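Below is one structure, written out as structure tokens; comments come after it.
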Amino acid sequence: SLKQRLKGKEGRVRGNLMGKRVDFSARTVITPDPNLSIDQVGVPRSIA
Amino acid sequence: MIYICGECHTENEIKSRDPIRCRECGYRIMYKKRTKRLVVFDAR
Amino acid sequence: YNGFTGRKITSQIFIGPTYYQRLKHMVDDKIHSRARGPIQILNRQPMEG
Amino acid sequence: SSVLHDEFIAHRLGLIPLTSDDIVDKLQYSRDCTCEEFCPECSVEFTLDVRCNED
Amino acid sequence: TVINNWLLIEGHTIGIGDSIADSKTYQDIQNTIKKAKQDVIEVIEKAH
Amino acid sequence: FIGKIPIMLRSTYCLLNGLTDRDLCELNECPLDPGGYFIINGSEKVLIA
Amino acid sequence: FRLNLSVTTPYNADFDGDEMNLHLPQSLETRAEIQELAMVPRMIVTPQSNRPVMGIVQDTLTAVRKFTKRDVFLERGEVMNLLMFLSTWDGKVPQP
Amino acid sequence: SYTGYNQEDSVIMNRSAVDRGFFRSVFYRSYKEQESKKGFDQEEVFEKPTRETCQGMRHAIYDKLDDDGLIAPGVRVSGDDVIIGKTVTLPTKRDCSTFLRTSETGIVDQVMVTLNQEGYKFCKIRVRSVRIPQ
Amino acid sequence: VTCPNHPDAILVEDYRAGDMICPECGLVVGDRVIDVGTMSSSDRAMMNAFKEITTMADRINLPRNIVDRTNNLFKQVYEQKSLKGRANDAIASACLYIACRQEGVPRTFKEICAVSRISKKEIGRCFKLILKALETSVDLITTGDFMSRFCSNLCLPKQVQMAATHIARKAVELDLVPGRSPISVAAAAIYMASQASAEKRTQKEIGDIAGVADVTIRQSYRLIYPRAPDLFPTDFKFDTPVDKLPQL
Amino acid sequence: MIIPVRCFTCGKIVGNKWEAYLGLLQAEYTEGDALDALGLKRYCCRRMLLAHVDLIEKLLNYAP
Amino acid sequence: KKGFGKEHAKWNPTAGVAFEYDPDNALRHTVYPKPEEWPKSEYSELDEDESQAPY
């Protein structure tokens, strides 16, 4: 029903207006690299 | 094409839209035969 | 001995054989990226492709 | 049709050492040679064929 | 950067020579531990 | 006739009860497999105490 | 993904199978506001407890404690070698 | 401590020992497909979908499939290739199919064809892929 | 879906990005719009008939792919309703006989009778009405299709089973039995085969299994006996010489 | 599953020595002696034979 | 083909390659905490009751 569809956790307000899935984001494992600055990160070439 | 029985390993051409059974063995598990176009590997 | 310059290392290194295992979590399975991908139909929110 | 898959045998072959005594100086690098993919000026061809019939 | 590049000249490790003590020390440690155990027994008997 | 009951492998009512390694290998079975699970729709299920 | 260690202690990371999300600014106002508000050099000290969040960590600290005693003497060769790794260096060699 | 690349729970490892078989492994995976008659007229079948007859296909290549609609073992199937060609008849012929996931680069190990419990023809396909430590 | 600047010759559907751009020049005619893929009165008796179809199919105990088409065949026969004024259970049983033939594995009416009250005559009658009702053709029977289960019911080894099939096959190609029901022929071949192996059986037992008599086999046997020796397959190992094959 | 052709650390050829190891042990040479006679010395090349489990002899029991 | 050991470890021609210098710490390049527990090198020229050469 339209109450159960606008209800709480994963509804239309707690699940599609506050928290939403965002495009343009990639996640990869981290490894050390002491030859980098603090200001930098090293991206692989397939993600880039 | 050509199929291989799962018990007696006797090749037998199964025609399209035809029951799946061997001959001389009466079995119902068939393995497709390896291809004939060639692929090359590296020892690396 | 150092491998780049051949000089000795001032400290002595503790070395020996041990038994290691290779876990199941490999990196080929955890990398993924999205940039203007397919979207849903009813709510027009980004969807898996 | 052996027990090891195709890329297992292709790997145990590369680590076999071949007699490279004198004719390494006459062989070009296959990326430098003006031939096609392969020629007897920058390669050596091998061949294996075994079949087991006895028990 | 400069302290990593000196650190491959100096080097560092942990073995088990870094985790053991001389007999003079071990004997002294054993002596005090035995005395402490005896004291607890004296406390237990008086309570009864 | 009443019905059909699943059978736990390597029991006294299985087809693998009391076989020798020369026959366990002939049915393409592992002689080291412990047994003690059901086969239900292809899957292999185990009951937790 | 590859990042410097001095940045491990804010994120509470460690390099045994963690994963870290990356978001990419699209417009030019948002890349300008991330550049002038929230870069990692601009966030060394914290407003929580008015001290820095990032300090020398792991091997670097132990080596520094052993690089700065009074019996540590460096010959001419590794003075040349170590001075090759300074980006903020004068060009002058200090007299020993 | 060698060069700083093994700090905070990491390991440096010998590259020319990986080249001699160190910790090399393989990786198998299976896929199921089952032809089904969901309706009197809506019926599925394994066959090689042709461009002008079937309609719902993508422009991907359908040359690796054989006449049956399955890939013979031995070929090198890469990401976004079709492996099983299954066409549905339209109340003409509207084709479906199964595609790989992305970034597999496997090799088709063996293909099996038989009858499952309710008696519908179905097939299983195993894909082989080698994993070198990185 | 229409672009003013240029005509669209092709509009590929990008499954990966859920996007629709037009190759000839390029244009998302549709961007992010393509998702990337007691109460029962009618058939109270039909509804019950399919339970009774299932309860009839259950007795034979086999993968029930034959049953779903049997359910659709009835549904079809029900829908036309030309044959509506007829007994449902006969139609169900006739649907069943047809499906087995449609699966290329017919079961005898005698068998079909075992699971139903309907006389073979009424099933045959209803059968022809359905053929006329649904306007569809059928297939002729083959002996080998019943070589499997009967020899199975006798637990006869494949070699005997296969030998019988050749004997049967050779006999029909030569029409050594003009008009003789292939059931009695297969059974006599089976008999002959069983009589050519250690797994001999009496005609009455075979007759009992084929649902016929022993005198019925005796005649068919008399018809095949002249060629008993030559009817056997070339790959066979006698347990009894053809000369020593009994007569009846 | 099968003896590697090269020690992972040195590179010394260790593949051809498997059959011999079984034979020397069969002759009752103590393991320490057998390894020395084969000539492996460094403790990285002795780990190769000392800790090898031969699984190929159990996959030859399944009919092809 | 022909190649060397930077391509792949199947093209290098050598097993272990030993190398060492200064068999006694005449230079103190390495520093022993207790110089008595260390075995004497194969190439050493020290006495049986000494540990290191003088610096």
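First chain written, first letter: the chains are A, B, C, D, E, F, G, H, I, J and K, and each begins at residue 1.
Keep in mind that, in the parts below, a contact is a pair of C-beta atoms (placed from the backbone, for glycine too) under 8 Å apart; a residue touches a chain by one contact, two chains touch by 3 or more.
With steps allowed only between chains in touch, the distance from chain B over to chain G comes to 2. Distance from the centre of chain G peaks at I, each centre being the average of the chain's Cα atoms.
Distance between chain G and chain K, defined via averaged C-alpha coordinates, is recorded as 36 Å. For the pair chain A and chain G, the distance between C-alpha centroids works out to 26 Å.
Centroid to centroid, with C-alpha atoms defining each point, chain B and chain D lie 31 Å apart.
Between chain A and chain F the centroid-to-centroid distance comes to 46 Å (mean Cα coordinates, whole Å).
Each of the following residues of chain J touches two or more other chains: 6, 11, 13, 64. Chain contacts: chain C has residues 7, 9-12, 27, 30, 36-37 touching two or more partner chains.
Shared interface positions of chain D, defined as residues touching 2 or more other chains, are 6-7, 11, 14-15. Residues of chain D that touch chain B in their complex: 6-7, 10-11, 13-15. By the touch criterion given at the top, residues 4, 7-8, 11-13 of chain E touch chain H in their complex.
Interface of chain E with chain G (complex): residues 1-7, 9-10, 12. Residues of chain G that touch chain A in their complex: 1-7, 13, 15, 17-24, 26, 39-41, 54. Touching chain J in their complex are the following residues of chain F: 25-26, 28.
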